[PDB]
C-alpha cells in the first residue's frame, strides 16, 4: 500500500516547518522513524522520500513519461526562459538543448579552458595583493563568473563583464531565485525579471556580434578549440530540421551559465576550505602538485588530468556538501518500490546530502577524509552510493567540466598562495536554491614568491 507518512503538523502546510529548518536533517530523522521510503505533505505537495542507495535504481532508470523532471523544475522558467530546458515542449527538445551545451565542453575546449583559468586568476591576484584576507565563497564565485562565462560564451563576453556590469546582473538574477519558488513558482520577483531582461539584451548583442564575426572569419567554424556554445547554437538545428530562435539560444546560454556557476563555486569553496584546514591533506595535495608541475610554470589540461588526490578532495567535499541537496521527479503513473505503490502526482525525492552521510556506506561520515575514497573505496559499496552529479538518463553533463574548473582554480591558487582558514568550517545554509557554506568564510593568504 502507500508508504508511511510523516504526521502533518497542520493540514496543507504539513511538515514544511521542520523541513525548512534543515531539509537534510528532516530527511535523515524521518528515515529513522519511517524507513527507506516515506511521504510528507509539504506546502501542499505530496513528497515521497527515497532514502537508501539500494532502492534508487527504479528512480534513475525510469523514462520521462513515468518520472517527469519537467513537471518539477519547470518553476525555473522565469530565469531560463519560456520553452527552454525543463520548460521545453517535450522531453526530446530538452535533451537536444542540453546537448548543445555539452557540445562546447569538448576535450579541445578543455585545453583552452585551463588557459582561461590561468588568465583570470592572474588578473585576480592584482586585486588581492601580496597578502590579506578574503572571503572564500565570494572569491570563487567571482572567479567563476569570469571563467565560466568565457569558457561557454567565448572571450568576447569579457568586455561586458568588465565594462557593462554583467556580473552584477547575474547576481540580481540569481539572488532573485528563492528555493520557495519550487512551491510557489508565481512568486513575483521584479528585480530578477529586470536583470534577466538586461542579460537577455546583452546576450542578444553577443549573438548578433558573433553572426557577423562568422562572416569575417568562417575559419572559426572549422577550429574545434575556438568553437564555443554560442557558436554551436548559431550553427545547429533541432534533429527534425526546425531552426532555433534567438530567444531559445539566449535561454539555453543562461541556463548553462547558471548550472555552470553555482554548483562549482560552492564546491571549490568547500574543497579549498577543507584542504587548507587539514595539514595532512594539504601536504598530500601540495606533494602531488609539486610532482605534476615539475619545472613547469603554468597549468595545462594534461597536468589537471593527473591530479587524482585533489580530485578525491573535491569528491569528498561533494559527499559532505553536495550543492543540489534534492533530486526530484513527479510520478505521472503510479510507481512500485518495495512493498509500496507511490501514487500518481507524488514527487519522488533523492538526496545527495543524505546519501553522503549514510553509514551503510561511509565510516565517520562527518569527517572530511579523502582516503575513504582513494584507499577504502567506500563509495563503490553501492551502485548509487555517491550521487552528487545524479545518475542514469539525466546525470550531470557538466561533470568533467566541473572537475576541471574546480581542480584548476584550486591548483593555481595554491601555486600562488599559502592559505589558512579562519575559524571552524561552517555548516551549510539552507536559505538558497543551491546550498553553500554559511557566511562568512574568510581566509588569510600570502604570496609564495
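Definition used throughout: the rigid core is the maximal C-alpha set that superposes within 1.5 Å between two forms. Positions refer to the first chain, counted from 1.
Please pick 238 to 246 or 352 to 360, whichever has its Cα atoms farther from the shown form in 4 other deposited structures of this protein after a rigid core fit.
After the core superposition, the stretch with higher RMS deviation in 4 other deposited structures of this protein is 238 to 246.
Kindly name the stretch, out of 261 to 269 and 76 to 84, whose CA atoms are displaced more from this form in 4 other deposited structures of this protein after the core superposition?
When 261 to 269 and 76 to 84 are compared in 4 other deposited structures of this protein, 76 to 84 lies farther out.
Averaging C-alpha B-factors over each stretch, which comes out higher, 110 to 118 or 335 to 343?
So the stretch with the higher mean C-alpha B-factor is 335 to 343.
Averaging CA B factors per stretch from the PDB record, which one is higher: 93 to 101 or 216 to 224?
Averaged over C-alpha atoms, the B-factors run higher in 216 to 224.
Of the options 161, 254, 72, 304, which has the highest CA B factor as deposited?
The record points to 161.
Can you tell me which of 288, 205, 311, 138 has the maximum CA B-factor listed in the PDB entry?
If I rank 288, 205, 311, 138 by C-alpha B-factor, first place goes to 205.
Comparing against every modelled residue in the chain, figure out the third that the C-alpha B-factor of residue 419 lands in (lowest, middle or highest).
Within its chain, residue 419 is a middle-third residue by C-alpha B-factor, going by the deposited values.
Using only modelled residues of the chain, where does the Cα B factor of residue 178 rank: lowest third, middle third or highest third?
CA B-factor rank for residue 178: highest third.
Report the third (lowest, middle or highest) to which the CA temperature factor of residue 316 belongs, ranking only the modelled residues of the same chain.
Its C-alpha B-factor belongs to the lowest third of this chain's values.
Please say which third, lowest, middle or highest, residue 149 falls into when its CA temperature factor is compared across its chain.
Its C-alpha B-factor, which the entry lists for residue 149, ranks in the lowest third among residues of this chain.
Among the modelled residues of its chain, does the C-alpha B-factor of residue 393 lie in the lowest, middle or highest third?
Residue 393: CA B-factor falls in the middle third of its chain.
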